[PDB]
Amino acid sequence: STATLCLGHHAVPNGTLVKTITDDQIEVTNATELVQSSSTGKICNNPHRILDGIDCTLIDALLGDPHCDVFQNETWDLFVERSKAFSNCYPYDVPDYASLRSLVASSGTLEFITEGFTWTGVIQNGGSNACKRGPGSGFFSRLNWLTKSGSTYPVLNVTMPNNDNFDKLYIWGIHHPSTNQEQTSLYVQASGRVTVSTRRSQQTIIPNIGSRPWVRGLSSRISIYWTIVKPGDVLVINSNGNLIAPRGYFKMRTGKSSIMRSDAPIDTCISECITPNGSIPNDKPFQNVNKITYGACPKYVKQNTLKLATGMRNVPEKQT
């Protein structure tokens, strides 16, 4: 004569705990993880053009350290610097190394165009046993070591116009002898100087004589500088000694290129997101793998887990 109709909802034997506004842990039927916390341990060669530096830093590949000759004219989306990288050429320093490395990494190309510089009155192509190329002495491939021709080192004054529609990056340097004897032996002048300028910029460098610690048999050094010449501008190099001349320019580009420090293997696969730990999927909005990323990546958070409830409050049955 009567009936009973009860309304209800489902429950699962084991739900998941989630945080809420009023609760640190409350059980729900289902939840989903929002923080990516694991990596494959390998870097996928797809879809970004990955360039393994192997035992070359981007700077050594740029200068032309003999063992980095293989990177001549390379391009990349992500240049990967290995910790095993080392230098094996003339001992040098780059005042403001981070900026040079940054702007080159960002440009994304090592394309070098040789230009016909004329260095009149000097002997070119100097080399060192600290930078052997094959059997004998060599030097960085993109630089030209000029020494005195006989009894005088003249006041070099050359120009190279940027008649193109793009920016030219010129890398050049100055030689710091370890003694005055070396200074006069190579450059005659007791004190050299290099002035590199465009119509808007100008840089004058004076060599610093002195003994530095021995590196590859040498106590002298080379300091690297750079000059970007915009279309229509002109490059002028003036010097009466110590000039480590450029052989041409690197083409500059703007794009998505960068550089990363990582010893992770490069594997054949596809992944939008790269961290030094290896690639990681980007299906989740956050990640806790590494704050250093490249590509379409989840945002870095300090948490290793953040569950989003995708079900109702779990209230299991009575029991009998």
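Position 1 is the first residue in the sequence shown; the rest follow in order.
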| query | finding |
| --- | --- |
| Higher-B stretch (mean Cα B-factor, as the entry records it), 109-117 or 151-159 | 151-159 |
| 34-42 versus 283-291 - which carries the larger mean C-alpha B factor in the record | 34-42 |
| Given 209, 89, 228, 94, the residue at which the Cα B factor reaches its maximum | 209 |
| Most elevated Cα B-factor in the entry, residues 195, 102, 185, 141 | 185 |
| Third of the chain, ranked by Cα B-factor, where residue 165 sits | highest |
| Chain third (lowest, middle, highest) by recorded CA B-factor, residue given as residue 4 | middle |
| Third of chain Cα B-factors occupied by residue 65 | lowest |
| Modelled-residue ranking by C-alpha temperature factor, third containing residue 258 | lowest |
| Where the record places residue 220 (Cα B-factor, split into thirds across the chain) | middle |
